[PDB]
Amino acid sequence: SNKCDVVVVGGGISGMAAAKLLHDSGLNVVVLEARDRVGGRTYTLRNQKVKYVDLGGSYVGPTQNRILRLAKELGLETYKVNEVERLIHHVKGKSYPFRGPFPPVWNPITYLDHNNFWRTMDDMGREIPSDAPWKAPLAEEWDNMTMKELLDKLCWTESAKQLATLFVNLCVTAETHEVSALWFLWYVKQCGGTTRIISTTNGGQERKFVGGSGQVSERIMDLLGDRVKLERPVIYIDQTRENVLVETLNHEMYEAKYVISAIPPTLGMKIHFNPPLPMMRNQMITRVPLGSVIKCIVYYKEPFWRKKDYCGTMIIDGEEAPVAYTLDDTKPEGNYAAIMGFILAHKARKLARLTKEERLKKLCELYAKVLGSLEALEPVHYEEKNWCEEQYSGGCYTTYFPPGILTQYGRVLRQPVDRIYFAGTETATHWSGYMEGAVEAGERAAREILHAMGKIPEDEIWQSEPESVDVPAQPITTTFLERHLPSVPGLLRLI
């Protein structure tokens, strides 16, 4: 057997961030990666047609100071997602260009309903602790309701209900009726609220890495050399003896003092445990699916949308549209012009039966309609990835909690099992579900093991991150009218 101080299961950003911190503290680390590659839910494809493209996680932005710091130390640079020209909201077969992060509305009742919905998501969020959403004062009430129920209660207009549905589908790649209200409200709040989570400029989608996010995991693998084992799916963990034993599918045995599980919670199911897991984790890891998404990038000769004062951002309401959301994926130079689109949730399941060519055709036709341009019908290249297919992801972007699970099993996610500590973006308290969360969770799990070894004190397990000098955050502001305009039932009760 191959002896070390710590085995990390998973060579995603979270596993790699963990292994780097432990290695940098002078411990011997092994990273056991199931796939022939590192990066996990990040994946950068290189070819001559795209140069590079993020088919998995891509965007970073202000307040994501851990992934920005790790990436800068690895020699990476960011560029800004194109948001110079107008965003488009496509509603009832028509494109409404706009500026500012929130699609505007003109009907005064619809205005009150939209304003109240966004404001209420943040008001509810203010009562949800980031590190313990189950301690929300209304935790059971919010957890025993789906986001569909909350939207049916909140939204007096079909316009607001359609946009709020798209918001849920886009943010967590799941249907409103699939997810806990408490969990979804936690998710938005732990990213700093509605504005921060939905924003390109001054939000989560502001920036990409030059050369792709995959370089984060690849460059940590570069530091670690053959301490990283590719095509080592972990099948068995035995804690009954003096050192922990970890076995891979190809019959290698690794012996360590500690283990970091840096995989999505449910992918714990792929490992056989001796002794059995404690009951609450044994059931928790059956209750926590990941969402459903096809990430699709269509390439063009030029970023032609810019010529009509469109930035390439499309927000597309309704059942018919295969893609509800797009961003300009063009490179900083104005070349490899591209639209990034998400096929979300049930649409990722329905449109999977089509061929690659059939999806390209559908997307090109939708883009032509929304951008009002025949150029959208002339793609030079297409790349796509269905994350629903992935045995060692289970989906993307992240794990969602169905109604009832977060209050009953949420405490279990980070709780150590003997000498196994838990990383993975799912266990983060800030931008959980993001590459930022992956770094927070890996460094924290690494530091829990340094503390178990007597190397650092308790108060250094959780560590604040200095603000990026390169990507400073601007404050989230509201207007007097946003804070004080009544809800629809507000305006009704007054009459």
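Think of the rigid core as the biggest set of C-alphas that the two forms share within 1.5 Å after superposition. Numbering starts at 1 and follows the sequence shown.
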More shifted region, core-based fit in 9 other deposited structures of this protein, 178 to 186 vs 100 to 108 by CA: 100 to 108
Do the C-alpha atoms of 293 to 301 or of 96 to 104 have the higher average B factor in the entry? 96 to 104
Return whichever of 405 to 413 and 171 to 179 has the greater mean Cα B factor according to the PDB record. 405 to 413
Select one of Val216, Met269, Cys155, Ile339: the residue whose C-alpha shows the highest B-factor in the crystal structure entry. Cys155
Determine which member of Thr399, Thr110, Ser261, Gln190 has the highest CA B-factor, using the values in the deposited entry. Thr110
Lowest, middle or highest third: where is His430 by Cα B-factor in its chain? highest
Third of the chain's Cα B-factor distribution that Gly334 belongs to, per the entry: highest
Mind checking which third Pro129 falls in for C-alpha B-factor across the chain? middle
Lowest, middle or highest third: which one holds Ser468 when the chain's residues are ordered by CA B-factor from the entry? highest
Ranking the modelled residues of this chain by C-alpha B-factor as given in the entry, is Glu443 in the lowest, middle or highest third? lowest
